[PDB]
Amino acid sequence: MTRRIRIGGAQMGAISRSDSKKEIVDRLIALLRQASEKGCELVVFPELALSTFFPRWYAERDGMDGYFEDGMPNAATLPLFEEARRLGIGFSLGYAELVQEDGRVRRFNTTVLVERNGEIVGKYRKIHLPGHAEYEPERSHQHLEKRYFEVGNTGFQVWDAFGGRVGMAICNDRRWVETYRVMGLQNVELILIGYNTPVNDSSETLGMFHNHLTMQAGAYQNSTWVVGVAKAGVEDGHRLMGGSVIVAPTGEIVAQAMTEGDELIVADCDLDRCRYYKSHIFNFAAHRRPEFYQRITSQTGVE
Amino acid sequence: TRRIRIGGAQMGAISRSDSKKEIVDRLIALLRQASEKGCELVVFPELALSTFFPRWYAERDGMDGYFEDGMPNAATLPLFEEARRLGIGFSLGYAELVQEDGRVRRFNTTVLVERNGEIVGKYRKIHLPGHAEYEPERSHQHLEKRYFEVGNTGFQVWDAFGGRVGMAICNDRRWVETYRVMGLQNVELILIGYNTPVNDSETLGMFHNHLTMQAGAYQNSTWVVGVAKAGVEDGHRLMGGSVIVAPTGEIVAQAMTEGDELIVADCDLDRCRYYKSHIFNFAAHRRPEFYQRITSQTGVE
């Protein structure tokens, strides 16, 4: 039980534009307290868990800083940090980051990792921005993530936290094998992923299949734990995919959400279970041959 | 249109006692059954011309009796003549013994032949599994590193069968780099024959066999044909579960036995274009400036 962490996937429900930020934080604290009642030491929150999924609406490139966060924590997010530190629970929180760097105002899709002591240990900014940069009228639903966010400047990092090696990814990062492998080359043992995946009105069994296939594969082919937490439900007429999951280093699903609202899935994850395949099957130092992978970093498209 | 009917020619156990004449006749039998079913391409397993001889211990000078002198040779010529006759291309895995740059070299090799009978491509295995020395603690031995050296061809993609075709061998399919390197060459059909022993869980081994292929097919928007040589081979059970996977990651054909069996699927190569235009558009979304660890490191740091 030394390197055994009890993780709580805190899947969220829909957040409408009418919902105040205090109503959002109180739902997070409620999910946070449900994790403490079940003995969870880590609770994973979805992507942009402090606002509605606003990339679905059109505005100026600056005209949506109202959903961003002033600080981390700020006056609205401080009760969540004070609650987590009180119950001795660490958490990963996704939010839209508004920060002043080298004069200009920069915007990132950001997840922050907080230790059980309440100290910010790591910060990841989204790399693979989905959607399109400008308005497209023929599509039923819009997706303007590239319009409101710029590419993060942190890279896929792995920190020493919770008695092991923990990394973070955001949403459609989970669809790229490079996301898992880069952190896998840092001896990662637990990858935290929050995602907001829309669903086109009228299949869905294929969308849920692709959601778990990429995580179950990235977990097995890197012998690491993967926790995928979603913000689901019908959000102002836009349905968001659910299926929050916790995956073992064997690629097996040990916990899965059943609703599209505020739901908590928990699982006891032995970090020493990440050692089986690293010992032999997926021993990177032994079998891997980087001299044939040069196309991965040399080019971007096809040749 | 760009529709190719592929026939996954899964084989049964091939023991050391089996003559190569009986081995090729089993391959021709699978070839003829594929023609009667309209298959234009037949995928054969890894080392389909011999028993899985990394199972036994010997010096690196030995085991050459299982290798092939040329391609084709006197024993493999009937398979090529029947294939060109029926207008069928095929991918065959074998142990290659060749004289290159002076010294003789030994590779785990797969060759791709077009419906006209012309050798289109040749891939040599990169990720060699098993161990190099004898290990008495194992129930079964696995000495691929002892009898083969790392191939010097790399993951190639050719223009064949009206599309982009690549090849991989066995445990290459468990590495995400195998699919991605060919995916960066606009691959649309990956042919993988494998020999994977089964230790007496079994359900988890078959799960990992399909999970890696269903992911490599979806995450690169390509067809993946996985053929196996299954059955109990001299007291050593080999995994079956030969599958044909769509670019969506779905299994459209799957073998039901552990012997000589043929799975057939109509593979529209234009279905790869659905996801390469947006979802997996490499030119649009991939950020290679954050992937540098993939090529700079081998282990972990």
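Residues numbered from 1 in each chain as written, not as in the entry; some residues may be left out. Chains lettered and ligands numbered in written order. Heavy atoms only, no water.

Method-wise, the PDB entry is recorded as coming from X-ray crystallography, at a reported resolution of 2.70 Å.

Colleague: Lay out the overall build of chain A with the relevant residues and their values.
Modeller: The helix and strand inventory of chain A stands at 8 helices and 14 strands. Whereas a compact globule of 303 residues would reach a radius of gyration of roughly 19 Å, chain A reaches 19 Å, a difference of no more than 12%. Based on the C-alpha atoms only, the size of chain A along its principal axes is roughly 55 × 50 × 45 Å. A burial count over chain A gives 59% of its 303 residues as buried. Of the charged side chains in chain A, 35 are positive and 40 negative; the average position of the first set lies 4 Å away from that of the second. (Helix = DSSP H or I, 4+ residues; strand = E, 2+ residues; numbered from the N terminus. Rg over C-alpha atoms; globule rule 2.2 N^0.38 Å. Buried < 20%, exposed > 50% of the residue type's maximum accessible area, 1.4 Å probe, protein only. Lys, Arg positive; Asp, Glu negative; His and termini not counted. Charge placed at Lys NZ, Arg CZ, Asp CG, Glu CD.)

Colleague: Run through the interface of chain A and chain B, naming residues and quoting values.
Modeller: In this assembly, 52 residues from chain A lie in contact with 52 residues from chain B. Interface area, chain A with chain B, both sides summed: about 5300 Å², of which 64% is carbon and sulfur. Along the contact surface separating chain A from chain B lie 4 salt bridges. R286 of chain B serves as the salt-bridge partner of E178 of chain A, at 3.2 Å between the closest nitrogen and oxygen. Run the count over chain A and chain B and you get 21 residue pairs in polar contact. (Contact = heavy atoms within 4.5 Å. Buried area = accessible area lost by both parts, 1.4 Å probe. Salt bridge = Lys/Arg side-chain N within 4 Å of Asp/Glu carboxyl O. Polar contact = N/O pair within 3.5 Å; in protein donor to acceptor, adjacent residues only side chain to side chain.)

Colleague: So what about the side chain of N172 of chain A? Which residues, and what values?
Modeller: Residue and element names in this part refer to chain A. By the secondary structure assignment, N172 is in the loop between β7 (164-170) and α4 (177-184). Judged by relative accessible area, which is 5%, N172 ranks as buried. At 2.6 Å, the side chain of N172 forms a polar contact with the backbone oxygen of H128. For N172, the contacting residues outside a window of four places in its chain are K126, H128, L129 and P130.

Colleague: Any details on the sheet that holds strand β1 (residues 4-11) of chain A? Residues and values, ideally.
Modeller: Residue and element names in this part refer to chain A. Pairing is mixed in the open sheet, where 6 strands are placed in the order β5-β4-β3-β2-β1-β14. With partners counted over all chains shown, the strands left at the sheet margins are β5 (120-125) and β14 (263-270), one partner each. Taken pair by pair, the neighbouring strands of this sheet meet at an average axis angle of 30°, ignoring direction. Note: β1 against β14, 8 bridges, orientation antiparallel. Counted as the bridge partner of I7 is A267 from β14. Sitting on the sheet, helix α1 (residues 21-37) touches β1, β2 (42-44), β3 (90-100) and β14, and the angle it makes with β14 is about 40°. In this fold helix α2 (residues 78-86) packs onto β3, β4 (105-114) and β5, with an angle of close to 150° to the strand it touches most, β3. (Pairing = 2+ DSSP bridges. Axes fitted to C-alpha atoms, helices over the stretch in contact; angles between N-to-C directions.)

Colleague: Account for unusual backbone geometry, naming residues and giving values.
Modeller: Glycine aside, a negative phi is what most residues show, and trans is what most peptide bonds show. Going from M72 of chain A to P73 of chain A, the amide bond is cis rather than trans, its omega being 0°. Phi at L48 of chain A is positive, roughly 55°, even though this residue is not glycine. One can find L48 of chain A in the loop between β2 and α2. Positive phi values are uncommon outside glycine, yet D234 of chain B reaches one of about 55°. With respect to the helices and strands, the residue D234 of chain B is situated in the loop between β10 (231-233) and β11 (236-238).

Colleague: Now, about the packing of aromatic side chains: what can you tell me, with residues and values included?
Modeller: All names here are of chain B. Under the criterion given, the structure shown has 28 aromatic pairs over all chains. Centre to centre, the rings of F53 and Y66 are 5.2 Å apart; their planes meet at 5°, and the pair counts as stacked. You can see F53 sitting in the loop between β2 (41-43) and α2 (77-86) and its partner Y66 sitting in the loop between β2 and α2, a full 13 residues away along the chain. With a relative accessible area of 24%, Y66 lands in the partly exposed category. (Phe/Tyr/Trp six-rings, centres within 6.5 Å; stacked < 30°, edge-to-face > 60°.)

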